[PDB]
Number of protein chains: 2
Amino acid sequence: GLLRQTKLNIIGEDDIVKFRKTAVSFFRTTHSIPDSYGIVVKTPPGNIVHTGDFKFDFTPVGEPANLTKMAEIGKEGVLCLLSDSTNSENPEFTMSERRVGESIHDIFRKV
Amino acid sequence: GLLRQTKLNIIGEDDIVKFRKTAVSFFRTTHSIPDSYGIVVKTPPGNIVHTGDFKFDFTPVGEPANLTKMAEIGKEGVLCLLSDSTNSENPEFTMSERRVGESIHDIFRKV
């Protein structure tokens, strides 16, 4: 029911939302759902970065994670990073969705 | 014998050598020998990039590959890339020298 009375905003890669002493920017990541962003909260004492949930996929189905922009963010300086820990026990590099897609198509030919 | 009559120059991360219509810059990479650089040759029609020989190691023994600078180089625009093909048949991610060091120390305790 609360749809009527809440202010829903849609942002994209390039939007910056500024407040008195604080600003919020975005950078695209890859995850198990489309359209995922990480976040940079700029504050006077320095910049805070939130990875959202992320993997790396160099052959993704969607829009490729913005590595260029992540590198810039680090150069510009970063006070603190909040990074997704969920899969940290696994040493291996995550298989690309491209590979499962291939596996899907293969099943469709054999069955 | 040819040491006497050749001009040996030593460069570092931050050196640029300029010529009439062409300039040469450098970025640090990781490889099986220390002090390895990739190269950016700037020319009017666009920029050419040479990877040297490279792997990625996020826990290297030496100076870490300059990812920030690689990202910048791509942003600045790149006409053509000459990239090291040698290990391109292997899908896996290269084990870090940090891990072999660990394995070396382990041998030294057991033997």
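Residues numbered from 1 in each chain as written, not as in the entry; some residues may be left out. Chains lettered and ligands numbered in written order. Part of a larger assembly, values for the part shown. Heavy atoms only, no water.

By the method listed in its record, X-ray crystallography, this PDB entry was determined to a resolution of 3.00 Å.

The name given to chain A in the PDB entry is RIBONUCLEASE J 1, with Bacillus subtilis as the source organism. Per the PDB header, the entry is named "Unusual, dual endo- and exo-nuclease activity in the degradosome explained by crystal structure analysis of RNase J1".

Caption draft 1: Local environment of the environment of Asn90 of chain B. All names here are of chain B. The residue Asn90 is located in the loop between β5 (80-82) and α2 (97-110) in this model. The class of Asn90 is partly exposed, set by a relative accessible area of 38%. A polar atom in the side chain of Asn90 sits 3.2 Å from the backbone nitrogen of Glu92. (Helix = DSSP H or I, 4+ residues; strand = E, 2+ residues; numbered from the N terminus. Buried < 20%, exposed > 50% of the residue type's maximum accessible area, 1.4 Å probe, protein only. Polar contact = N/O pair within 3.5 Å; in protein donor to acceptor, adjacent residues only side chain to side chain.)

Caption draft 2: Structural context of α2 of chain B. Between the first and last C-alpha of α2 of chain B there are 20 Å, a value that for 14 residues agrees with the 20 Å anticipated at 1.5 Å per step. A distance of 3.1 Å separates the backbone nitrogen of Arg98 of chain B from a side-chain oxygen at the start of α2 of chain B, and that oxygen is part of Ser96 of chain B. (Expected span 1.5 Å × (residues − 1).)

Caption draft 3: Molecular detail of the sheet that holds strand β2 (residues 22-29) of chain A. Residue and element names in this part refer to chain A. Taken in spatial order, the 5 strands of this open sheet run β1-β2-β3-β4-β5, and their pairing is mixed. Bordering the open sheet on either side are β1 (17-19) and β5 (80-82), each of which pairs with just one other strand. If you compare each strand with its neighbour and ignore which way they point, the axes differ by 20 degrees on average. When strand β4 (residues 46-50) meets β5, the two strands line up parallel, connected through 3 bridges. Across the sheet, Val49 pairs through a bridge with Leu81, a residue of β5. Docked against the sheet, helix α1 (residues 67-75) engages β2, β3 (36-43) and β4, running at close to 145 degrees with respect to β2. (Pairing = 2+ DSSP bridges. Axes fitted to C-alpha atoms, helices over the stretch in contact; angles between N-to-C directions. Contact = heavy atoms within 4.5 Å.)

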